[PDB]
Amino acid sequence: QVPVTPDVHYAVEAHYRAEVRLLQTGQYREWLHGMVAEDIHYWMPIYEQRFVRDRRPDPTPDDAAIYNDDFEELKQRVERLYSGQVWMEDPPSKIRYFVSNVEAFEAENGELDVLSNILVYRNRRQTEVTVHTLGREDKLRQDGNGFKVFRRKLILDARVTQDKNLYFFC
């Protein structure tokens, strides 16, 4: 695939930084409506530990996944956070994302295929801290002013999740 120009690469990183800011500040409605396309597939597959010899195909959207959502399903996930009855988020927790290795490639009709590494640090209550690392494989389309994501696949590094939940967006 053809790497994007440095100017488009700039634009994609700036998009991802804005996305991170919205999500770190609980602006989830602004993120969903402004940065996620109505035809989104938001997907976090379950990968099992298989021997190299195992010839089975990798997970598809038809198979087990932690997230496997369209727009309305993401909206429900987002809207639940605006209830004042999410006890675990009162007082609120903290999240901080470190996005690196953004590589963007030209697709058709001005769409882009984009890869990134993500490191997620989560803090809550008094001494709770959890950390996650993932890869992210996005398809983006331009939404002057900006981008919207319409395919997002999230690849977790840990087989057993060391956190009470994975209830955060990437």
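Just count from 1 along the sequence shown to find any residue number.
K.L.:
Which is higher on mean Cα B factor in this entry, 155-163 or 5-13?
P.N.:
For C-alpha atoms only, the mean B-factor is higher in 5-13.
K.L.:
Taking only the CA atoms, which stretch has the higher mean B-factor in the record, 44-52 or 127-135?
P.N.:
Higher mean C-alpha B-factor in the PDB entry: 44-52.
K.L.:
Splitting the chain's C-alpha B-factors into thirds, which one does residue 107 fall into?
P.N.:
Within its chain, residue 107 is a highest-third residue by C-alpha B-factor, going by the deposited values.
K.L.:
Using only modelled residues of the chain, where does the Cα B factor of residue 86 rank: lowest third, middle third or highest third?
P.N.:
According to the entry, residue 86 has a C-alpha B-factor in the chain's highest third.
K.L.:
Comparing against every modelled residue in the chain, figure out the third that the C-alpha B-factor of residue 96 lands in (lowest, middle or highest).
P.N.:
Lowest third of the chain for residue 96's C-alpha B-factor.
K.L.:
Just say lowest, middle or highest third for the CA B-factor of residue 142 relative to the other modelled residues in its chain.
P.N.:
It belongs to the highest third of the chain when residues are ordered by C-alpha B-factor.
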